[PDB]
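Single-structure report; data block below.
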Amino acid sequence: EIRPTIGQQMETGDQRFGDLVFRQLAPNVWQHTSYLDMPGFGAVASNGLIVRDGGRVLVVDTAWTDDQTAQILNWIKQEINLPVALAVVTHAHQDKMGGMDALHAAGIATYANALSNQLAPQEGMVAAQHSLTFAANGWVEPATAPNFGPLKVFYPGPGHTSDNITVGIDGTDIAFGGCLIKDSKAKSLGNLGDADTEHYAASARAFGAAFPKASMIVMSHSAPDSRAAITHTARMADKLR
Ligand SMILES: COc1cccc(OC)c1C(=O)N[C@H](C(=O)O)[C@@H]1N[C@@H](C(=O)O)C(C)(C)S1
Ligand SMILES: [Zn+2]
Ligand SMILES: [Zn+2]
């Protein structure tokens, strides 16, 4: 089994498939986990989501690479056997957008914050094919997110990056914080190289308030946690100001 240097370990309830791990979170929701080997350091796990919505599947975040992302699509075909309608990617970093070309080669419609698409070329990424825009309170403009089914996209403000977005899964008690949110026992906020240290705490709290009844908080580099992940992340971020 895969034992990453950074990221949750494999536990009961995880399925290894190729180089990835998949974990069912709800009857219609799975977490995908992929690993980037860094020289001298070992593997860094990154998580995203797969959601079944009737006769189609929706994806949140790519894997770190195109080949890993193709493996996610192969898991979906094996385990669910339904077409992927769209993917939402949650900011212009490799862990979230590194596999765009695999989605595009598969014919999957891709969506990201307009700002992520504008930043992608600067970050060594390929832009999504569609841009999401947001209201002044963070909620996505619905005409930009057509036919998103249960995915409720919210821009919480600058934090981990200026472009980070989050996704609630309507009809469940799950919300996805991506790299913005760290787990309740984390010692650090991760890579702050692109972060907005002034606004981070408010942005973490705004994610909590956008999805006030989400009890299972999914994030990029830890196992799903309680809402203490949100509150702890904000408390860490209070120290940055
Ligand atoms: C353009 O992106 C990259 C290029 C090369 C290597 C990378 O990660 C090792 C990445 C890249 O995607 N870096 C991200 C980032 O900088 O936020 C990752 N997310 C961080 C986080 O959630 O705190 C991390 C797990 C410490 S690294
Ligand atoms: Zn990032
Ligand atoms: Zn990350």
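Within each chain, counting starts at residue 1; across the structure tokens, chains are named A, B, ... in the order shown, with ligands numbered 1 upward in that order.
Residues of protein, DNA or RNA lying at most 7 Å from ligand 3, when only C-alpha atoms and all ligand atoms are considered, are residues 46, 95, 179, 220 and 221 of chain A.
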Same residues, N, CA, C and O atoms, output as a PDB file, in the first residue's frame:
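What ended up in selection_39.pdb:
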ATOM      1  N   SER A  46      -3.269  14.077  -2.656  1.00  0.00           N
ATOM      2  CA  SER A  46      -4.251  15.129  -2.886  1.00  0.00           C
ATOM      3  C   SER A  46      -5.568  14.478  -3.211  1.00  0.00           C
ATOM      4  O   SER A  46      -5.662  13.476  -3.921  1.00  0.00           O
ATOM      5  N   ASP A  95      -2.005  20.288  -7.946  1.00  0.00           N
ATOM      6  CA  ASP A  95      -2.827  19.261  -7.265  1.00  0.00           C
ATOM      7  C   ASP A  95      -4.286  19.272  -7.723  1.00  0.00           C
ATOM      8  O   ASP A  95      -4.958  18.259  -7.660  1.00  0.00           O
ATOM      9  N   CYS A 179      -7.883  23.144  -0.892  1.00  0.00           N
ATOM     10  CA  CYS A 179      -6.633  23.419  -0.151  1.00  0.00           C
ATOM     11  C   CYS A 179      -6.792  24.544   0.864  1.00  0.00           C
ATOM     12  O   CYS A 179      -5.920  24.809   1.680  1.00  0.00           O
ATOM     13  N   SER A 220      -8.197  18.865   0.669  1.00  0.00           N
ATOM     14  CA  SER A 220      -7.240  18.300  -0.309  1.00  0.00           C
ATOM     15  C   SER A 220      -6.202  17.374   0.341  1.00  0.00           C
ATOM     16  O   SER A 220      -5.791  16.463  -0.413  1.00  0.00           O
ATOM     17  N   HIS A 221      -5.802  17.522   1.610  1.00  0.00           N
ATOM     18  CA  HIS A 221      -4.631  16.764   2.057  1.00  0.00           C
ATOM     19  C   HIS A 221      -4.820  16.070   3.393  1.00  0.00           C
ATOM     20  O   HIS A 221      -3.833  15.660   3.985  1.00  0.00           O
TER      21      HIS A 221
END
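Residues surrounding residue 65 of chain A within 12 Å are residues 19, 20, 33, 34, 35, 36, 37, 46, 70, 71, 72, 93, 94, 95, 96, 97, 98, 99, 100, 101, 102, 103, 125 and 126 of chain A [only C-alpha atoms; sequence separation below 5 positions excluded].
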Output file for the residues above (C-alpha atoms, as a short mmCIF file (atom, residue, chain, number, x, y, z; two decimals), in the first residue's frame):
data_model
loop_
_atom_site.label_atom_id
_atom_site.label_comp_id
_atom_site.auth_asym_id
_atom_site.auth_seq_id
_atom_site.Cartn_x
_atom_site.Cartn_y
_atom_site.Cartn_z
CA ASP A 19 -1.89 4.26 -8.34
CA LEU A 20 -4.89 5.92 -6.72
CA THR A 33 -6.77 10.42 -3.93
CA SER A 34 -3.63 10.72 -6.09
CA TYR A 35 0.02 11.03 -5.11
CA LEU A 36 2.92 13.20 -6.26
CA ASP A 37 6.37 11.82 -5.50
CA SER A 46 -4.25 15.13 -2.89
CA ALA A 70 -7.15 9.14 -16.77
CA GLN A 71 -7.03 6.51 -13.97
CA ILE A 72 -9.86 8.35 -12.16
CA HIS A 93 -2.29 24.70 -8.83
CA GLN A 94 -1.03 21.28 -9.97
CA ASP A 95 -2.83 19.26 -7.27
CA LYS A 96 -6.21 20.60 -8.49
CA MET A 97 -5.64 21.26 -12.25
CA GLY A 98 -2.65 19.10 -13.20
CA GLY A 99 -4.82 16.65 -15.17
CA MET A 100 -6.90 18.96 -17.32
CA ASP A 101 -5.70 17.48 -20.60
CA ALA A 102 -7.00 14.02 -19.62
CA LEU A 103 -10.45 15.50 -19.00
CA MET A 125 -1.66 24.74 -16.02
CA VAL A 126 -4.17 24.45 -18.97
#
Report as a ChimeraX atom specification: the residues of segment 5-237 of chain A with a DSSP assignment of strand (DSSP E or B), based on the backbone of this structure. /A:6,14-17,20-26,29-38,42-53,56-60,84-88,109-113,130-132,134,139-140,151-154,166-169,174-178,216-219,225
Store the residues of this selection in a file with C-alpha atoms, as a short mmCIF file (atom, residue, chain, number, x, y, z; two decimals), in the first residue's frame.
data_model
loop_
_atom_site.label_atom_id
_atom_site.label_comp_id
_atom_site.auth_asym_id
_atom_site.auth_seq_id
_atom_site.Cartn_x
_atom_site.Cartn_y
_atom_site.Cartn_z
CA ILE A 6 1.97 14.16 3.45
CA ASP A 14 -10.35 2.70 1.10
CA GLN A 15 -10.03 0.96 -2.33
CA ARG A 16 -6.69 0.91 -4.14
CA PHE A 17 -7.08 1.18 -7.88
CA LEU A 20 -4.89 5.92 -6.72
CA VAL A 21 -7.13 5.40 -3.71
CA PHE A 22 -10.89 5.78 -3.67
CA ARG A 23 -13.10 6.07 -0.59
CA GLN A 24 -16.92 6.10 -0.60
CA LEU A 25 -18.21 8.96 1.59
CA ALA A 26 -21.95 8.65 0.88
CA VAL A 29 -20.09 10.51 -3.28
CA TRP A 30 -16.52 9.21 -3.43
CA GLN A 31 -13.16 10.77 -2.65
CA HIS A 32 -10.35 10.32 -5.16
CA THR A 33 -6.77 10.42 -3.93
CA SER A 34 -3.63 10.72 -6.09
CA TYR A 35 0.02 11.03 -5.11
CA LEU A 36 2.92 13.20 -6.26
CA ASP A 37 6.37 11.82 -5.50
CA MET A 38 8.74 14.66 -4.66
CA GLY A 42 8.16 10.95 -0.84
CA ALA A 43 4.53 11.14 -1.84
CA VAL A 44 2.08 13.96 -1.25
CA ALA A 45 -1.57 12.86 -1.39
CA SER A 46 -4.25 15.13 -2.89
CA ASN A 47 -7.99 14.56 -2.74
CA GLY A 48 -10.98 15.43 -4.87
CA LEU A 49 -14.54 14.18 -5.29
CA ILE A 50 -16.71 12.12 -7.60
CA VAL A 51 -20.49 12.57 -7.36
CA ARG A 52 -23.22 10.54 -8.98
CA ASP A 53 -26.24 12.60 -10.06
CA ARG A 56 -24.26 11.00 -14.91
CA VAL A 57 -21.19 11.67 -12.82
CA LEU A 58 -19.58 14.98 -11.78
CA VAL A 59 -15.95 15.47 -10.74
CA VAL A 60 -14.36 18.01 -8.43
CA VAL A 84 -18.87 12.21 -16.68
CA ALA A 85 -20.85 15.38 -17.47
CA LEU A 86 -18.43 17.99 -16.16
CA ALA A 87 -15.58 18.69 -13.81
CA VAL A 88 -15.08 21.73 -11.53
CA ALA A 109 -16.70 19.92 -20.02
CA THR A 110 -14.40 21.73 -17.51
CA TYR A 111 -15.20 24.68 -15.31
CA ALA A 112 -13.07 26.87 -13.03
CA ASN A 113 -13.20 30.35 -11.54
CA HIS A 130 -15.57 27.45 -19.11
CA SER A 131 -15.34 30.23 -16.54
CA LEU A 132 -17.36 30.56 -13.38
CA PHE A 134 -19.22 35.03 -8.55
CA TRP A 139 -22.13 32.58 -4.56
CA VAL A 140 -21.57 31.46 -8.15
CA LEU A 151 -22.70 20.99 -6.92
CA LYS A 152 -23.13 24.32 -5.18
CA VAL A 153 -20.05 26.45 -5.90
CA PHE A 154 -18.97 29.18 -3.47
CA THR A 166 -15.27 25.54 -2.62
CA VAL A 167 -18.15 23.19 -3.40
CA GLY A 168 -21.10 22.00 -1.31
CA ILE A 169 -22.84 18.77 -2.33
CA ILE A 174 -20.75 17.15 2.67
CA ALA A 175 -18.83 20.28 1.65
CA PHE A 176 -15.41 20.44 -0.04
CA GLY A 177 -12.92 23.06 1.04
CA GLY A 178 -10.01 22.04 -1.25
CA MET A 216 -18.45 16.26 6.80
CA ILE A 217 -15.72 18.62 5.55
CA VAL A 218 -13.59 17.20 2.72
CA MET A 219 -10.23 18.76 1.96
CA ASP A 225 -13.19 15.78 9.11
#
Identify, with DSSP run on backbone atoms, the residues in segment 5-219 of chain A assigned to alpha helix (DSSP H), and express the list as number ranges by chain. A: 66-79, 94-97, 100-105, 114-119, 200-210
Within 10 Å of residue 202 of chain A, counting only C-alpha atoms, which residues qualify if same-chain residues fewer than 3 places away don't, as an MDAnalysis selection string? chainID A and resid 156:159 198:199 205:208 234 237:238
Could you list, as a CSV table (one decimal) with N, CA and C atoms, in the first residue's frame, every residue within 6 Å of residue 163 of chain A, counting only C-alpha atoms and ignoring same-chain residues fewer than 3 positions away?
chain,number,residue,atom,x,y,z
A,91,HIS,N,-8.7,25.6,-8.0
A,91,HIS,CA,-7.8,26.7,-8.3
A,91,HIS,C,-6.7,26.2,-9.1
A,115,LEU,N,-10.8,33.6,-12.7
A,115,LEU,CA,-9.5,34.0,-12.3
A,115,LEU,C,-8.5,32.8,-12.4
A,116,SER,N,-9.0,31.6,-12.0
A,116,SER,CA,-8.2,30.4,-12.2
A,116,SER,C,-7.8,30.2,-13.6
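Nearest to residue 165 of chain A of all the residues A:105, A:76, A:82, A:89 is A:89, counting only C-alpha atoms.
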Between A:197, A:191, A:8, A:222, which one has atoms that come closest to ligand 2, using only C-alpha atoms and all ligand atoms? A:191
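Among the candidates A:203, A:231, A:164, A:215, the one nearest to ligand 2 when counting only C-alpha atoms and all ligand atoms is A:164.
The residue that comes closest to residue 189 of chain A, out of A:129, A:5, A:137, A:233 and on the basis of only C-alpha atoms, is A:233.
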Counting only C-alpha atoms, what is within 10 Å of residue 171 of chain A, bar same-chain residues fewer than 6 positions away, as a PyMOL selection string? chain A and resi 28+149-151
Distance criterion (only C-alpha atoms and all ligand atoms): nearest to ligand 1 out of A:63, A:108, A:228, A:209: A:63
To one decimal in Å, tell me the separation between atom CA of residue 232 of chain A and atom CA of residue 114 of chain A. 29.0 Å
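Compared by their closest atoms to residue 240 of chain A, and using only C-alpha atoms, the residues A:104, A:77, A:160, A:3 rank with A:160 nearest.
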